[PDB]
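structure_16.tsv (TSV, N, CA, C and O atoms) appears below.
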```
chain	number	residue	atom	x	y	z
A	1	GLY	N	0.82	-1.20	0.00
A	1	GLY	CA	0.00	0.00	0.00
A	1	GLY	C	0.85	1.26	0.00
A	1	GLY	O	1.96	1.23	0.53
A	2	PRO	N	0.34	2.34	-0.58
A	2	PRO	CA	1.16	3.56	-0.69
A	2	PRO	C	1.60	4.04	0.69
A	2	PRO	O	0.91	3.84	1.69
A	3	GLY	N	2.77	4.66	0.73
A	3	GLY	CA	3.25	5.23	1.97
A	3	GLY	C	2.42	6.43	2.39
A	3	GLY	O	1.76	7.08	1.59
A	4	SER	N	2.49	6.73	3.70
A	4	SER	CA	1.80	7.90	4.22
A	4	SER	C	2.31	9.19	3.60
A	4	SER	O	1.54	10.13	3.41
A	5	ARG	N	3.58	9.26	3.24
A	5	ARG	CA	4.13	10.51	2.78
A	5	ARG	C	3.91	10.67	1.29
A	5	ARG	O	4.00	9.69	0.54
A	6	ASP	N	3.64	11.90	0.86
A	6	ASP	CA	3.64	12.28	-0.55
A	6	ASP	C	4.99	12.95	-0.87
A	6	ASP	O	5.15	14.16	-0.73
A	7	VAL	N	5.96	12.15	-1.34
A	7	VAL	CA	7.30	12.67	-1.57
A	7	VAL	C	7.32	13.71	-2.68
A	7	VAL	O	8.09	14.67	-2.63
A	8	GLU	N	6.46	13.55	-3.69
A	8	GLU	CA	6.40	14.51	-4.76
A	8	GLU	C	5.91	15.88	-4.26
A	8	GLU	O	6.49	16.92	-4.64
A	9	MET	N	4.91	15.91	-3.37
A	9	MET	CA	4.51	17.16	-2.76
A	9	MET	C	5.66	17.80	-2.01
A	9	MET	O	5.90	19.02	-2.16
A	10	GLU	N	6.38	17.01	-1.22
A	10	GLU	CA	7.52	17.53	-0.45
A	10	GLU	C	8.52	18.21	-1.36
A	10	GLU	O	8.96	19.33	-1.10
A	11	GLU	N	8.84	17.56	-2.49
A	11	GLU	CA	9.84	18.08	-3.39
A	11	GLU	C	9.35	19.32	-4.11
A	11	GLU	O	10.13	20.28	-4.26
A	12	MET	N	8.06	19.35	-4.48
A	12	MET	CA	7.53	20.52	-5.18
A	12	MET	C	7.63	21.74	-4.27
A	12	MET	O	8.04	22.82	-4.71
A	13	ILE	N	7.28	21.58	-2.99
A	13	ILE	CA	7.34	22.71	-2.09
A	13	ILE	C	8.77	23.15	-1.88
A	13	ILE	O	9.09	24.35	-1.90
A	14	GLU	N	9.66	22.17	-1.65
A	14	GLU	CA	11.07	22.47	-1.39
A	14	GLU	C	11.66	23.20	-2.59
A	14	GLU	O	12.46	24.12	-2.43
A	15	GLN	N	11.28	22.78	-3.80
A	15	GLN	CA	11.79	23.44	-5.00
A	15	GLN	C	11.40	24.90	-5.03
A	15	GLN	O	12.22	25.76	-5.39
A	16	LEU	N	10.14	25.21	-4.66
A	16	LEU	CA	9.70	26.60	-4.70
A	16	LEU	C	10.45	27.43	-3.65
A	16	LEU	O	10.92	28.54	-3.94
A	17	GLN	N	10.58	26.91	-2.44
A	17	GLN	CA	11.31	27.61	-1.38
A	17	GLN	C	12.75	27.83	-1.77
A	17	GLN	O	13.32	28.89	-1.46
A	18	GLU	N	13.36	26.85	-2.43
A	18	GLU	CA	14.74	27.03	-2.88
A	18	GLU	C	14.83	28.04	-4.03
A	18	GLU	O	15.80	28.82	-4.06
A	19	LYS	N	13.83	28.13	-4.90
A	19	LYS	CA	13.85	29.19	-5.91
A	19	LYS	C	13.85	30.58	-5.26
A	19	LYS	O	14.57	31.48	-5.73
A	20	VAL	N	13.05	30.78	-4.21
A	20	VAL	CA	13.07	32.06	-3.50
A	20	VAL	C	14.45	32.31	-2.90
A	20	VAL	O	15.01	33.41	-3.00
A	21	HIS	N	15.03	31.30	-2.26
A	21	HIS	CA	16.34	31.46	-1.64
A	21	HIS	C	17.40	31.83	-2.66
A	21	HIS	O	18.22	32.73	-2.42
A	22	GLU	N	17.43	31.14	-3.79
A	22	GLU	CA	18.46	31.43	-4.77
A	22	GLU	C	18.27	32.83	-5.36
A	22	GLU	O	19.24	33.54	-5.60
A	23	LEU	N	17.03	33.28	-5.56
A	23	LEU	CA	16.83	34.64	-6.03
A	23	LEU	C	17.28	35.66	-4.99
A	23	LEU	O	17.82	36.72	-5.35
A	24	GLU	N	17.05	35.38	-3.70
A	24	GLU	CA	17.52	36.28	-2.67
A	24	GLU	C	19.03	36.33	-2.65
A	24	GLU	O	19.61	37.42	-2.46
A	25	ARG	N	19.69	35.20	-2.88
A	25	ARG	CA	21.15	35.22	-2.95
A	25	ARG	C	21.63	36.06	-4.12
A	25	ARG	O	22.55	36.88	-3.97
A	26	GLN	N	21.01	35.89	-5.29
A	26	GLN	CA	21.37	36.68	-6.46
A	26	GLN	C	21.08	38.15	-6.23
A	26	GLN	O	21.83	39.00	-6.72
A	27	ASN	N	20.04	38.47	-5.47
A	27	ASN	CA	19.72	39.87	-5.22
A	27	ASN	C	20.85	40.49	-4.40
A	27	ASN	O	21.29	41.64	-4.62
A	28	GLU	N	21.32	39.73	-3.43
A	28	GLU	CA	22.39	40.19	-2.57
A	28	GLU	C	23.68	40.39	-3.34
A	28	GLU	O	24.40	41.38	-3.12
A	29	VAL	N	23.97	39.51	-4.29
A	29	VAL	CA	25.16	39.67	-5.11
A	29	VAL	C	25.08	40.95	-5.93
A	29	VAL	O	26.06	41.71	-6.02
A	30	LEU	N	23.92	41.20	-6.55
A	30	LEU	CA	23.73	42.42	-7.33
A	30	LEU	C	23.89	43.67	-6.44
A	30	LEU	O	24.53	44.65	-6.85
A	31	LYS	N	23.30	43.67	-5.24
A	31	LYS	CA	23.40	44.83	-4.37
A	31	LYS	C	24.85	45.07	-4.00
A	31	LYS	O	25.33	46.22	-3.99
A	32	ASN	N	25.57	44.00	-3.75
A	32	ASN	CA	26.99	44.13	-3.41
A	32	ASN	C	27.82	44.65	-4.58
A	32	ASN	O	28.82	45.35	-4.37
A	33	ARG	N	27.44	44.31	-5.81
A	33	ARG	CA	28.17	44.84	-6.95
A	33	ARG	C	27.95	46.34	-7.05
A	33	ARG	O	28.87	47.09	-7.44
A	34	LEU	N	26.72	46.77	-6.78
A	34	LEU	CA	26.42	48.21	-6.82
A	34	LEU	C	27.14	48.96	-5.71
A	34	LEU	O	27.71	50.03	-5.96
A	35	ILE	N	27.11	48.43	-4.49
A	35	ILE	CA	27.89	49.00	-3.40
A	35	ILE	C	29.35	49.12	-3.81
A	35	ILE	O	29.97	50.19	-3.65
A	36	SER	N	29.95	48.01	-4.29
A	36	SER	CA	31.36	48.01	-4.67
A	36	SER	C	31.68	49.09	-5.70
A	36	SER	O	32.68	49.81	-5.57
A	37	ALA	N	30.86	49.20	-6.77
A	37	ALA	CA	31.11	50.20	-7.81
A	37	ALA	C	31.04	51.61	-7.25
A	37	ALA	O	31.83	52.49	-7.64
A	38	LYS	N	30.09	51.85	-6.34
A	38	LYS	CA	29.93	53.18	-5.79
A	38	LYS	C	31.10	53.51	-4.90
A	38	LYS	O	31.57	54.66	-4.90
A	39	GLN	N	31.56	52.54	-4.11
A	39	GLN	CA	32.75	52.74	-3.31
A	39	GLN	C	33.94	53.09	-4.18
A	39	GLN	O	34.74	53.96	-3.84
A	40	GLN	N	34.05	52.43	-5.35
A	40	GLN	CA	35.21	52.69	-6.19
A	40	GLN	C	35.16	54.08	-6.79
A	40	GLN	O	36.18	54.78	-6.87
A	41	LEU	N	33.95	54.54	-7.17
A	41	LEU	CA	33.73	55.87	-7.76
A	41	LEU	C	33.93	56.98	-6.75
A	41	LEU	O	34.21	58.12	-7.17
A	42	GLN	N	33.77	56.70	-5.46
A	42	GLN	CA	33.82	57.75	-4.45
A	42	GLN	C	35.24	58.12	-4.07
A	42	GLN	O	35.46	59.25	-3.62
A	43	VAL	N	36.21	57.21	-4.26
A	43	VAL	CA	37.60	57.54	-3.93
A	43	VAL	C	38.08	58.76	-4.72
A	43	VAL	O	37.65	59.01	-5.85
A	44	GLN	N	39.00	59.51	-4.10
A	44	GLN	CA	39.62	60.70	-4.69
A	44	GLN	C	38.59	61.79	-4.94
A	44	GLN	O	38.16	62.48	-4.01
B	1	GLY	N	-9.06	20.71	-10.66
B	1	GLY	CA	-10.17	20.24	-11.47
B	1	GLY	C	-11.52	20.56	-10.85
B	1	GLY	O	-12.18	21.50	-11.28
B	2	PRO	N	-11.93	19.78	-9.85
B	2	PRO	CA	-13.28	19.97	-9.27
B	2	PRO	C	-13.44	21.23	-8.42
B	2	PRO	O	-14.56	21.48	-7.95
B	3	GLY	N	-12.39	22.01	-8.18
B	3	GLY	CA	-12.53	23.25	-7.43
B	3	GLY	C	-12.36	23.15	-5.92
B	3	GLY	O	-12.48	24.17	-5.23
B	4	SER	N	-12.11	21.95	-5.41
B	4	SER	CA	-11.74	21.76	-4.01
B	4	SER	C	-10.33	22.27	-3.79
B	4	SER	O	-9.38	21.81	-4.43
B	5	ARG	N	-10.16	23.17	-2.83
B	5	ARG	CA	-8.84	23.71	-2.56
B	5	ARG	C	-8.71	23.90	-1.06
B	5	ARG	O	-9.69	24.19	-0.38
B	6	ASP	N	-7.50	23.72	-0.54
B	6	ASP	CA	-7.19	24.08	0.83
B	6	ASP	C	-6.77	25.55	0.80
B	6	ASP	O	-5.73	25.90	0.22
B	7	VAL	N	-7.59	26.42	1.40
B	7	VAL	CA	-7.44	27.85	1.22
B	7	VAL	C	-6.11	28.31	1.77
B	7	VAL	O	-5.38	29.07	1.12
B	8	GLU	N	-5.75	27.84	2.97
B	8	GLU	CA	-4.50	28.31	3.54
B	8	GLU	C	-3.28	27.82	2.74
B	8	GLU	O	-2.37	28.62	2.46
B	9	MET	N	-3.28	26.57	2.28
B	9	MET	CA	-2.15	26.11	1.47
B	9	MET	C	-2.06	26.87	0.17
B	9	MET	O	-0.96	27.28	-0.24
B	10	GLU	N	-3.19	27.10	-0.50
B	10	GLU	CA	-3.18	27.81	-1.78
B	10	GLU	C	-2.67	29.24	-1.61
B	10	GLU	O	-1.91	29.74	-2.45
B	11	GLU	N	-3.01	29.88	-0.50
B	11	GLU	CA	-2.57	31.25	-0.28
B	11	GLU	C	-1.07	31.31	-0.02
B	11	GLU	O	-0.39	32.20	-0.56
B	12	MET	N	-0.52	30.33	0.72
B	12	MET	CA	0.92	30.29	0.97
B	12	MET	C	1.67	30.02	-0.32
B	12	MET	O	2.69	30.65	-0.58
B	13	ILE	N	1.17	29.10	-1.14
B	13	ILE	CA	1.84	28.83	-2.42
B	13	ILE	C	1.80	30.08	-3.30
B	13	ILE	O	2.81	30.46	-3.88
B	14	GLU	N	0.65	30.76	-3.37
B	14	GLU	CA	0.59	31.98	-4.19
B	14	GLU	C	1.49	33.07	-3.65
B	14	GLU	O	2.08	33.82	-4.43
B	15	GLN	N	1.65	33.18	-2.33
B	15	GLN	CA	2.51	34.21	-1.77
B	15	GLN	C	3.97	33.93	-2.14
B	15	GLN	O	4.73	34.86	-2.44
B	16	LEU	N	4.37	32.65	-2.13
B	16	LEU	CA	5.73	32.29	-2.52
B	16	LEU	C	5.96	32.57	-4.00
B	16	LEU	O	7.00	33.09	-4.39
B	17	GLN	N	4.99	32.22	-4.84
B	17	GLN	CA	5.14	32.49	-6.27
B	17	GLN	C	5.18	33.99	-6.54
B	17	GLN	O	5.89	34.43	-7.46
B	18	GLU	N	4.47	34.80	-5.75
B	18	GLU	CA	4.53	36.23	-5.96
B	18	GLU	C	5.86	36.77	-5.49
B	18	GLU	O	6.41	37.70	-6.11
B	19	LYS	N	6.43	36.18	-4.43
B	19	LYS	CA	7.78	36.54	-4.00
B	19	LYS	C	8.81	36.26	-5.08
B	19	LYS	O	9.73	37.06	-5.28
B	20	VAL	N	8.69	35.12	-5.76
B	20	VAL	CA	9.59	34.84	-6.88
B	20	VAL	C	9.48	35.94	-7.92
B	20	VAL	O	10.49	36.50	-8.36
B	21	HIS	N	8.26	36.26	-8.34
B	21	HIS	CA	8.04	37.30	-9.35
B	21	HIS	C	8.65	38.62	-8.89
B	21	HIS	O	9.30	39.31	-9.68
B	22	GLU	N	8.43	39.00	-7.63
B	22	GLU	CA	8.95	40.27	-7.15
B	22	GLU	C	10.48	40.27	-7.17
B	22	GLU	O	11.12	41.29	-7.52
B	23	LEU	N	11.10	39.17	-6.70
B	23	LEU	CA	12.56	39.10	-6.72
B	23	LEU	C	13.09	39.11	-8.14
B	23	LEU	O	14.10	39.77	-8.42
B	24	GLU	N	12.42	38.42	-9.06
B	24	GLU	CA	12.85	38.48	-10.46
B	24	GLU	C	12.79	39.92	-10.97
B	24	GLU	O	13.73	40.39	-11.63
B	25	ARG	N	11.71	40.66	-10.63
B	25	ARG	CA	11.60	42.05	-11.07
B	25	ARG	C	12.72	42.88	-10.49
B	25	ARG	O	13.38	43.63	-11.21
B	26	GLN	N	12.94	42.75	-9.18
B	26	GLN	CA	13.98	43.52	-8.50
B	26	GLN	C	15.35	43.22	-9.05
B	26	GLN	O	16.18	44.15	-9.20
B	27	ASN	N	15.63	41.95	-9.34
B	27	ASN	CA	16.96	41.62	-9.85
B	27	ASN	C	17.17	42.15	-11.26
B	27	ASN	O	18.29	42.54	-11.60
B	28	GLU	N	16.10	42.18	-12.08
B	28	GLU	CA	16.17	42.77	-13.42
B	28	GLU	C	16.55	44.23	-13.32
B	28	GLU	O	17.44	44.71	-14.03
B	29	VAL	N	15.97	44.94	-12.35
B	29	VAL	CA	16.26	46.36	-12.20
B	29	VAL	C	17.71	46.56	-11.82
B	29	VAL	O	18.37	47.42	-12.39
B	30	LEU	N	18.21	45.79	-10.84
B	30	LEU	CA	19.60	45.97	-10.40
B	30	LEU	C	20.57	45.64	-11.51
B	30	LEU	O	21.54	46.40	-11.74
B	31	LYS	N	20.35	44.54	-12.21
B	31	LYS	CA	21.20	44.18	-13.35
B	31	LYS	C	21.19	45.28	-14.39
B	31	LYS	O	22.24	45.66	-14.91
B	32	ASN	N	20.01	45.87	-14.64
B	32	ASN	CA	19.96	46.89	-15.69
B	32	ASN	C	20.60	48.20	-15.25
B	32	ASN	O	21.18	48.91	-16.07
B	33	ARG	N	20.59	48.49	-13.94
B	33	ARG	CA	21.33	49.64	-13.44
B	33	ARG	C	22.83	49.44	-13.66
B	33	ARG	O	23.54	50.38	-14.04
B	34	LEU	N	23.33	48.25	-13.38
B	34	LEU	CA	24.76	47.96	-13.58
B	34	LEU	C	25.11	48.08	-15.06
B	34	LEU	O	26.13	48.72	-15.40
B	35	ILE	N	24.30	47.49	-15.97
B	35	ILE	CA	24.51	47.61	-17.42
B	35	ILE	C	24.53	49.07	-17.84
B	35	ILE	O	25.39	49.48	-18.63
B	36	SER	N	23.59	49.88	-17.31
B	36	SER	CA	23.52	51.29	-17.68
B	36	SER	C	24.79	52.00	-17.29
B	36	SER	O	25.30	52.84	-18.04
B	37	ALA	N	25.30	51.73	-16.09
B	37	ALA	CA	26.52	52.41	-15.71
B	37	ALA	C	27.70	51.99	-16.59
B	37	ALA	O	28.51	52.84	-16.97
B	38	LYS	N	27.84	50.70	-16.89
B	38	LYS	CA	28.90	50.26	-17.79
B	38	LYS	C	28.77	50.95	-19.14
B	38	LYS	O	29.78	51.36	-19.72
B	39	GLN	N	27.55	51.05	-19.67
B	39	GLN	CA	27.36	51.72	-20.95
B	39	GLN	C	27.79	53.17	-20.87
B	39	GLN	O	28.42	53.69	-21.80
B	40	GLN	N	27.49	53.85	-19.76
B	40	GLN	CA	27.89	55.25	-19.59
B	40	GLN	C	29.40	55.37	-19.55
B	40	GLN	O	29.96	56.35	-20.05
B	41	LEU	N	30.08	54.39	-18.93
B	41	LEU	CA	31.55	54.39	-18.91
B	41	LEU	C	32.14	54.24	-20.31
B	41	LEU	O	33.30	54.62	-20.53
B	42	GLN	N	31.33	53.80	-21.30
B	42	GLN	CA	31.77	53.68	-22.70
B	42	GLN	C	31.57	54.95	-23.51
B	42	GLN	O	32.00	55.00	-24.67
B	43	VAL	N	30.94	55.97	-22.94
B	43	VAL	CA	30.73	57.21	-23.67
B	43	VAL	C	32.08	57.82	-24.00
B	43	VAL	O	32.87	58.13	-23.10
B	44	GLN	N	32.37	57.95	-25.29
B	44	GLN	CA	33.63	58.50	-25.76
B	44	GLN	C	33.41	59.87	-26.40
B	44	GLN	O	33.14	60.84	-25.70
```

Go ahead and express the file in the form of structure tokens.
Amino acid sequence: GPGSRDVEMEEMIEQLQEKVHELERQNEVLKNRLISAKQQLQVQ
Amino acid sequence: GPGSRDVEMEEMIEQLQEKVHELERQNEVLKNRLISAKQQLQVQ
């Protein structure tokens, strides 16, 4: 008989949560690139 | 199909999908700001 757990449901949810996490990481990288460029422009 | 939905689960899934969309929009803007500045650095 089928198991109590729906593994496919678990994976679908985990995939969506990981998509949010990876976009947040990419957002942070972009923000840091902008910070870095502005810091470089401000010298002198 | 038949219209049976768990309201709280559906709302959480939609909120996560909207977060993905918002992060994608935000990251497009940051990337395009960086591209714009590089293009300006090419003004000869």

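Between chain B and chain A, which have the same sequence, the C-alpha root-mean-square deviation after superposition works out to 3.5 Å.
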
Identify which of the residues A:10, A:5, A:30, A:43 lies closest to chain B, counting all atoms listed in the file when measuring atom-to-atom distances. A:30

Within 10 Å of residue B:31, counting only C-alpha atoms, which residues show up once you throw out same-chain ones fewer than 6 positions away? Write them as an mmCIF file with N, CA, C and O atoms, in the frame of the given file, please.
```cif
data_model
loop_
_atom_site.group_PDB
_atom_site.id
_atom_site.type_symbol
_atom_site.label_atom_id
_atom_site.label_comp_id
_atom_site.auth_asym_id
_atom_site.auth_seq_id
_atom_site.Cartn_x
_atom_site.Cartn_y
_atom_site.Cartn_z
ATOM 1 N N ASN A 27 20.040 38.470 -5.470
ATOM 2 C CA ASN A 27 19.720 39.870 -5.220
ATOM 3 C C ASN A 27 20.850 40.490 -4.400
ATOM 4 O O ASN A 27 21.290 41.640 -4.620
ATOM 5 N N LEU A 30 23.920 41.200 -6.550
ATOM 6 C CA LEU A 30 23.730 42.420 -7.330
ATOM 7 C C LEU A 30 23.890 43.670 -6.440
ATOM 8 O O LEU A 30 24.530 44.650 -6.850
ATOM 9 N N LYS A 31 23.300 43.670 -5.240
ATOM 10 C CA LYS A 31 23.400 44.830 -4.370
ATOM 11 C C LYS A 31 24.850 45.070 -4.000
ATOM 12 O O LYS A 31 25.330 46.220 -3.990
ATOM 13 N N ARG A 33 27.440 44.310 -5.810
ATOM 14 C CA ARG A 33 28.170 44.840 -6.950
ATOM 15 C C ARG A 33 27.950 46.340 -7.050
ATOM 16 O O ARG A 33 28.870 47.090 -7.440
ATOM 17 N N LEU A 34 26.720 46.770 -6.780
ATOM 18 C CA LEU A 34 26.420 48.210 -6.820
ATOM 19 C C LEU A 34 27.140 48.960 -5.710
ATOM 20 O O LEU A 34 27.710 50.030 -5.960
#
```

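In this comparison, which uses only N, CA, C and O atoms, the residue of A:4, A:23, A:9, A:14 approaching chain B most closely is A:23.
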
What does the distance from atom CA of residue A:28 to atom N of residue B:26 come to in Å, to one decimal?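 Rounded to one decimal, the two atoms are 11.8 Å apart.
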
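Using all atoms listed in the file, the nearest neighbour of chain B within the list A:35, A:41, A:12, A:20 is A:20.
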
Kindly indicate which residue among B:36, B:44, B:2, B:16 lies nearest to chain A, using only N, CA, C and O atoms for the distances.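 Among the listed residues, the smallest separation from chain A belongs to B:16.
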
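Between chain B and the residues A:11, A:32, A:19, A:42, the shortest atom-to-atom distance, using only N, CA, C and O atoms, involves A:19.
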
One decimal, in Å: what's the spacing between atom CA of residue A:25 and atom CA of residue A:6?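 Separating atom CA of residue A:25 from atom CA of residue A:6 is a distance of 29.0 Å.
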
Let's see if you can do this: from backbone DSSP, list all alpha helix (DSSP H) residues in chain B, as a ChimeraX atom specification. /B:7-41

For the residues in the current selection, export N, CA, C and O atoms as a compact mmCIF listing (two decimals), keeping the file's coordinate frame.
```txt
# COMPACT_ATOMS: atom_id res chain seq x y z
N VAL B 7 -7.59 26.42 1.40
CA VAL B 7 -7.44 27.85 1.22
C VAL B 7 -6.11 28.31 1.77
O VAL B 7 -5.38 29.07 1.12
N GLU B 8 -5.75 27.84 2.97
CA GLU B 8 -4.50 28.31 3.54
C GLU B 8 -3.28 27.82 2.74
O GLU B 8 -2.37 28.62 2.46
N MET B 9 -3.28 26.57 2.28
CA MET B 9 -2.15 26.11 1.47
C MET B 9 -2.06 26.87 0.17
O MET B 9 -0.96 27.28 -0.24
N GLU B 10 -3.19 27.10 -0.50
CA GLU B 10 -3.18 27.81 -1.78
C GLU B 10 -2.67 29.24 -1.61
O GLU B 10 -1.91 29.74 -2.45
N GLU B 11 -3.01 29.88 -0.50
CA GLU B 11 -2.57 31.25 -0.28
C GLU B 11 -1.07 31.31 -0.02
O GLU B 11 -0.39 32.20 -0.56
N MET B 12 -0.52 30.33 0.72
CA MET B 12 0.92 30.29 0.97
C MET B 12 1.67 30.02 -0.32
O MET B 12 2.69 30.65 -0.58
N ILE B 13 1.17 29.10 -1.14
CA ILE B 13 1.84 28.83 -2.42
C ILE B 13 1.80 30.08 -3.30
O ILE B 13 2.81 30.46 -3.88
N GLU B 14 0.65 30.76 -3.37
CA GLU B 14 0.59 31.98 -4.19
C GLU B 14 1.49 33.07 -3.65
O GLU B 14 2.08 33.82 -4.43
N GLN B 15 1.65 33.18 -2.33
CA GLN B 15 2.51 34.21 -1.77
C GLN B 15 3.97 33.93 -2.14
O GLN B 15 4.73 34.86 -2.44
N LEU B 16 4.37 32.65 -2.13
CA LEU B 16 5.73 32.29 -2.52
C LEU B 16 5.96 32.57 -4.00
O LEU B 16 7.00 33.09 -4.39
N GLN B 17 4.99 32.22 -4.84
CA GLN B 17 5.14 32.49 -6.27
C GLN B 17 5.18 33.99 -6.54
O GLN B 17 5.89 34.43 -7.46
N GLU B 18 4.47 34.80 -5.75
CA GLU B 18 4.53 36.23 -5.96
C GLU B 18 5.86 36.77 -5.49
O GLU B 18 6.41 37.70 -6.11
N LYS B 19 6.43 36.18 -4.43
CA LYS B 19 7.78 36.54 -4.00
C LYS B 19 8.81 36.26 -5.08
O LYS B 19 9.73 37.06 -5.28
N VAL B 20 8.69 35.12 -5.76
CA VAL B 20 9.59 34.84 -6.88
C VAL B 20 9.48 35.94 -7.92
O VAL B 20 10.49 36.50 -8.36
N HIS B 21 8.26 36.26 -8.34
CA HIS B 21 8.04 37.30 -9.35
C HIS B 21 8.65 38.62 -8.89
O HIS B 21 9.30 39.31 -9.68
N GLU B 22 8.43 39.00 -7.63
CA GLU B 22 8.95 40.27 -7.15
C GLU B 22 10.48 40.27 -7.17
O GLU B 22 11.12 41.29 -7.52
N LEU B 23 11.10 39.17 -6.70
CA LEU B 23 12.56 39.10 -6.72
C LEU B 23 13.09 39.11 -8.14
O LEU B 23 14.10 39.77 -8.42
N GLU B 24 12.42 38.42 -9.06
CA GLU B 24 12.85 38.48 -10.46
C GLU B 24 12.79 39.92 -10.97
O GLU B 24 13.73 40.39 -11.63
N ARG B 25 11.71 40.66 -10.63
CA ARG B 25 11.60 42.05 -11.07
C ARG B 25 12.72 42.88 -10.49
O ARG B 25 13.38 43.63 -11.21
N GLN B 26 12.94 42.75 -9.18
CA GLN B 26 13.98 43.52 -8.50
C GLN B 26 15.35 43.22 -9.05
O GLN B 26 16.18 44.15 -9.20
N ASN B 27 15.63 41.95 -9.34
CA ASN B 27 16.96 41.62 -9.85
C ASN B 27 17.17 42.15 -11.26
O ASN B 27 18.29 42.54 -11.60
N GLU B 28 16.10 42.18 -12.08
CA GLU B 28 16.17 42.77 -13.42
C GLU B 28 16.55 44.23 -13.32
O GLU B 28 17.44 44.71 -14.03
N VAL B 29 15.97 44.94 -12.35
CA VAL B 29 16.26 46.36 -12.20
C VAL B 29 17.71 46.56 -11.82
O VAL B 29 18.37 47.42 -12.39
N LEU B 30 18.21 45.79 -10.84
CA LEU B 30 19.60 45.97 -10.40
C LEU B 30 20.57 45.64 -11.51
O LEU B 30 21.54 46.40 -11.74
N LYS B 31 20.35 44.54 -12.21
CA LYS B 31 21.20 44.18 -13.35
C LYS B 31 21.19 45.28 -14.39
O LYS B 31 22.24 45.66 -14.91
N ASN B 32 20.01 45.87 -14.64
CA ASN B 32 19.96 46.89 -15.69
C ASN B 32 20.60 48.20 -15.25
O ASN B 32 21.18 48.91 -16.07
N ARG B 33 20.59 48.49 -13.94
CA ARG B 33 21.33 49.64 -13.44
C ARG B 33 22.83 49.44 -13.66
O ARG B 33 23.54 50.38 -14.04
N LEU B 34 23.33 48.25 -13.38
CA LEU B 34 24.76 47.96 -13.58
C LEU B 34 25.11 48.08 -15.06
O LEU B 34 26.13 48.72 -15.40
N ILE B 35 24.30 47.49 -15.97
CA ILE B 35 24.51 47.61 -17.42
C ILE B 35 24.53 49.07 -17.84
O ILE B 35 25.39 49.48 -18.63
N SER B 36 23.59 49.88 -17.31
CA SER B 36 23.52 51.29 -17.68
C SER B 36 24.79 52.00 -17.29
O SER B 36 25.30 52.84 -18.04
N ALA B 37 25.30 51.73 -16.09
CA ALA B 37 26.52 52.41 -15.71
C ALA B 37 27.70 51.99 -16.59
O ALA B 37 28.51 52.84 -16.97
N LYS B 38 27.84 50.70 -16.89
CA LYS B 38 28.90 50.26 -17.79
C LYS B 38 28.77 50.95 -19.14
O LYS B 38 29.78 51.36 -19.72
N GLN B 39 27.55 51.05 -19.67
CA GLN B 39 27.36 51.72 -20.95
C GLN B 39 27.79 53.17 -20.87
O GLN B 39 28.42 53.69 -21.80
N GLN B 40 27.49 53.85 -19.76
CA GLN B 40 27.89 55.25 -19.59
C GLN B 40 29.40 55.37 -19.55
O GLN B 40 29.96 56.35 -20.05
N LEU B 41 30.08 54.39 -18.93
CA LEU B 41 31.55 54.39 -18.91
C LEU B 41 32.14 54.24 -20.31
O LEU B 41 33.30 54.62 -20.53
```

Rounded to one decimal in Å, what is the spacing between atom CA of residue A:13 and atom N of residue B:29? 26.0 Å
